[PDB]
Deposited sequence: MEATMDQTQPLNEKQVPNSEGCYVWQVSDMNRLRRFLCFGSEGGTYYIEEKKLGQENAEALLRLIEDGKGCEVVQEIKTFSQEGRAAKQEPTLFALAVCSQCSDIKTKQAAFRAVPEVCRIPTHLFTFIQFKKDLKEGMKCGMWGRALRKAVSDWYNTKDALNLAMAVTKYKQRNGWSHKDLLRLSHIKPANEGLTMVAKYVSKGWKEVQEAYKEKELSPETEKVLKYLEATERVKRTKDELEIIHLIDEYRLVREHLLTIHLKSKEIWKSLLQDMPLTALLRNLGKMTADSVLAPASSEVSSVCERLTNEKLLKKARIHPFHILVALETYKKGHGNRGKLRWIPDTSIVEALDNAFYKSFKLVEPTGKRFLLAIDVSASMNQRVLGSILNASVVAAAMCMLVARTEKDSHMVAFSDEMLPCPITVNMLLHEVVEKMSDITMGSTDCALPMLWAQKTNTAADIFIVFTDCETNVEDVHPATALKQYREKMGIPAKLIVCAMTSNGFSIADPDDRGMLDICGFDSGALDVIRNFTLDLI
């Protein structure tokens, strides 16, 4: 009996013909929220991946899980555990339509806590289209009227329109009625324009006009000094400036001052190139100190993935799609690579013995989140995270055989990246870890395997490998399968309480692994 055969009825065949279990729908929801379905997986095409995921979603609703889904969606977004928003917003959209009315009413109810910025809403509304009314009109209206005039003003000027949707269309389609003078002004500004509003017009309301005026002013003035001035006075950001100003060193030195974190993160390369982040500079020193402030990273909801993508591209001196070059600053590379570990919800060590196994087979070459990072690299990063928290941990890599582990606990993130480079390839034997462990008489209480569960060699089933391990070593060893995709497969036996299914790249992954290690 090997992986080519089913252990029991419950099991189903992979994408390779070998047998595994089907991840619980709830768990697949999490996989989906974190990885989405762009580019699909190594075996499943993008389109069918989304279809497989859409099916599981509806299945949950069918089964009553309607409100648990929204609650989970609501929680992942607020806690910022998912790199990108599309999957969450698409999920909240499907729920916003499902048969259940409990779920639907819960979906629109959570819209303002999930759609924090215009883009989020625009993407939500567009999804509803790919799939107005009382609920919709109400939800959109509440999004604006519950805000503070002065805040809405920034929101609507920072994000005038995204993906084909403007606040002008939303305001009109929802037939909103400004809850106060401040909001009517902003609304009039949006639908009718500055002139109309300027022509039509409290201390609080004046503040709102002032601002709107500022935003209009920084687009007519030729004087750079005045631009810089307004930026200082009204905290105007990049989106507020005419793109011709974005070539001025002094504009950015003024823009960097209190630049939001994602903005700062996505423009590290450009600022270095324009000498705004010159070597040894105060500015650079400032940047590093901000990127490594866990609280602000947390406040700005900087996901570790975004850090990884920026680090990879930043040290490359040049972009992937971009077309500018810069001498990568070593202080920044050390600050980003440091920030990576602070972006995850950190936890107190348990002290247990962990065996961390990275699936490095050919399939792990598959690209994640439509980025330039592959599952191999991401799995290794997640691995480094768990290894720097629980010191008693031995890392190992595998494909269809045990391979010398290319990385170490003391390596900087970009060294672990290129090392996974030279080694990703081969077939998949997901039982090797447990098997290796027994053979080297290596003790462990927890096994964490970072895989896509597409095991395919004629060797015993990983679940079988774990049992043989328990019996042989006399340890109740548990097994945590950290998923690297949104496929619906798992080498984890649902009937074994010592086997858990978690998602890779959930900034909250650390807490789940802990709760499980500690029998919670």
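Chemist: Ranges lacking C-alpha coordinates, please, mapped onto the deposited sequence and listed in sequence order.
Modeler: Missing CA coords at 1-4, 136-143, 214-218, 538.
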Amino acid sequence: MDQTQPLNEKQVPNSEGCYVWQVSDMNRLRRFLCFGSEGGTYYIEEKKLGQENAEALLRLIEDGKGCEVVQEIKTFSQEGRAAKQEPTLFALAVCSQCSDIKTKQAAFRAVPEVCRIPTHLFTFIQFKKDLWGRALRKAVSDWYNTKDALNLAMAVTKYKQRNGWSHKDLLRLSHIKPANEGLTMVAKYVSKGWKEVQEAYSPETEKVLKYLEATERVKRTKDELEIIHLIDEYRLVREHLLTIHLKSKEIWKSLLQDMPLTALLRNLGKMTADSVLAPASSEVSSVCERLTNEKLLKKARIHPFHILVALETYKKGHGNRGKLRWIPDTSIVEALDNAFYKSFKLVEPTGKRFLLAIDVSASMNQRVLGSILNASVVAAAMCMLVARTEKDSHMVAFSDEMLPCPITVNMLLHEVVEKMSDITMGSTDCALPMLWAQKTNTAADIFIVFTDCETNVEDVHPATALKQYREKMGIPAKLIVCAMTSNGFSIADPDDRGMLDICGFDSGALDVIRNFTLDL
From here on, numbers count along this sequence of modelled residues.
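Chemist: Can you tell me which stretch has the higher mean Cα B-factor, 10-18 or 507-515?
Modeler: It is 10-18.
Chemist: Quick check: 294-302 versus 358-366, which has the larger average CA B-factor in the record?
Modeler: The stretch with the larger mean CA B-factor is 294-302.
Chemist: Going by the entry, which of 391, 128, 229, 158 has the most elevated CA B factor?
Modeler: It is 229.
Chemist: In the PDB entry, which of 248, 262, 376, 77 has its C-alpha at the highest B-factor?
Modeler: Going by the entry's C-alpha B-factors, 248 comes out highest.
Chemist: Going by the entry, which third of its chain does the Cα temperature factor of residue 111 land in?
Modeler: For residue 111, the deposited C-alpha B-factor lands in the middle third.
Chemist: Could you look up the Cα B-factor of residue 62 in the entry and say which third of the chain it sits in: lowest, middle or highest?
Modeler: According to the entry, residue 62 has a C-alpha B-factor in the chain's highest third.
Chemist: In terms of the CA temperature factor given in the entry, to which third of its chain does residue 86 belong: lowest, middle or highest?
Modeler: For residue 86, the deposited C-alpha B-factor lands in the middle third.
Chemist: By the recorded C-alpha temperature factor, relative to the other modelled residues in its chain, which third is residue 30 in?
Modeler: Residue 30: CA B-factor falls in the lowest third of its chain.
Chemist: Pull the Cα B-factor of residue 144 out of the PDB entry and bin it into the chain's lowest, middle or highest third.
Modeler: Tercile = middle for this residue's CA B-factor.
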